[PDB]
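Asks:
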Amino acid sequence: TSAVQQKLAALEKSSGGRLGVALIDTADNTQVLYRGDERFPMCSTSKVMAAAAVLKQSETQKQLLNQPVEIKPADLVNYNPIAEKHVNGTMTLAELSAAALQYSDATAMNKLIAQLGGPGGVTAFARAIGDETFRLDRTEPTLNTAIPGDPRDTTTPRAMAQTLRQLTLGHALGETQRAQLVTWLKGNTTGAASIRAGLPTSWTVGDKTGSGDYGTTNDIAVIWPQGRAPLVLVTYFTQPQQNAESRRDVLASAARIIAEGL
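If you count by the authors' numbering, then the sequence shown holds residues 26 to 57, 59 to 238, 240 to 252, 254 to 290, one letter each, in order.
1. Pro167 by DSSP, collapsed to three states: which one?
2. Does the distance from the CB of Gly62 to the CB of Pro183 come in under 9 Å?
3. What are the partner residues of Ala248, as DSSP defines its beta bridges?
4. Please state the DSSP three-state secondary structure of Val113.
5. Between the C-alpha atoms of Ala219 and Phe160, what's the straight-line distance to the nearest angstrom?
6. By how many angstroms is the C-alpha of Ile97 removed from the C-alpha of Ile108?
7. Considering only the beta carbon of each residue, do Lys234 and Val74 sit closer than 9 Å?
8. Quick check on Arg161: does DSSP put it in helix, strand or coil?
9. Among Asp157, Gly255, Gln83, which residue has its Cα nearest to the Cα of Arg204?
10. In the structure shown, what three-state DSSP assignment does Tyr105 receive?
11. Kindly give me the distance between the Cβ atoms of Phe151 and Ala79, rounded to whole angstroms, as I take these residues to be in contact under 8 Å.
12. For the beta strand (DSSP E) that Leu199 lies in, which residues bound it at each end?
13. Using 8 Å for Cβ pairs, my map puts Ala283 next to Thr263. What's the rounded Cβ distance?
14. Shorter than 8 Å, the distance from the beta carbon of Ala78 to the closest heavy atom of the ligand SAH, or not?
15. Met135 to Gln93, Cα distance in whole Å?
16. Quick one: what's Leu44 bridged to in DSSP?
17. Out of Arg222, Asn245, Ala223, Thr202, point me to the one whose CA is closest to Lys88's CA.
18. Please determine, among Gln267, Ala124, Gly147, the residue with the shortest C-alpha to C-alpha distance to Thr216.
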């Protein structure tokens with residue numbers, strides 16, 4: 026095993042949970059995995075797939091991103107920092123995608139899932155871009171529940187890193203849509219303590235964090252270092269106790285191991 030794999034095992038051993046990591050280095054297309063084929067609960071990170079799936083709808087539905095969507099009182103769920111300002115008003119699908127990605131607005135995610143025809147529509151998009159692993163089964167606020175061994179709303183680090191790469195660096199989206207997804211991810215407001223905390227400040231990062240119960244603490248990132257080609261990094265972490273505390277710091281450590289070791 027590599028020095029990196031030994032460091033990630035040591036990190037998990039000290040962490041009080043189960044760690045999954047996938048790194049793709051687009052310089053030479055090498056991949057480094060830790061528990062890369064085990065399922066982990068996604069929580070907020072599934073917002074990337076929903077926003078992307080709406081971006082893909084917009085490739086053929088002109089002006090879709092600018093369509094107003096009513097925010098109704100029944101839509102409010104567990105964390106609504108943007109949508110709670112718009113009840114009985116409207117937000118466009120672009121505003122909903124920005125709110126879900128950059129603030130982790132759960133109401134906004136439920137509107138995106140509904141725009142796709144439910145959780146099966148988000149999963150259908152994953153299958154259409156070659157992700158056979160991702161599954162979304164539920165909606166907010168139940169997506170924040172991360173019961174050990176439950177395969178609902180899970181993916182694997184390997185699959186999530188491949189999909190994230192195809193969405194941001196590859197050809198899964200149209201050029202305008204890919205750029206918009208990357209812009210949204212670079213403007214995330216919730217990631218300062220997670221992968222970003224383990225990276226040199228000069229590197230450009232787009233990411234989506236997530237957290238839920241079982242102390243589930245996640246982050247998926249695309250990283251443009254200086255001096256080398258971009259990287260894609262996924263870090264999932266979940267713990268055995270239902271009310272375990274979030275460990276953004278473990279994700280920062282995994283990011284540091286990768287940034288220093290590859």
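Even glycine gets a Cβ: it sits at the ideal position worked out from N, Cα and C.
Replies: Inspection of the coordinates gives the following:
1. coil
2. yes
3. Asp233, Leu261
4. coil
5. 26 Å
6. 11 Å
7. yes
8. coil
9. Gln83
10. coil
11. 4 Å
12. Looking at the DSSP string, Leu199 is not in any beta strand (DSSP E), and its letter there is neither H nor E.
13. 7 Å
14. For the structure depicted, the ligand SAH is absent and the ligand set is empty, with no information on it obtainable.
15. 16 Å
16. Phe265
17. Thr202
18. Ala124
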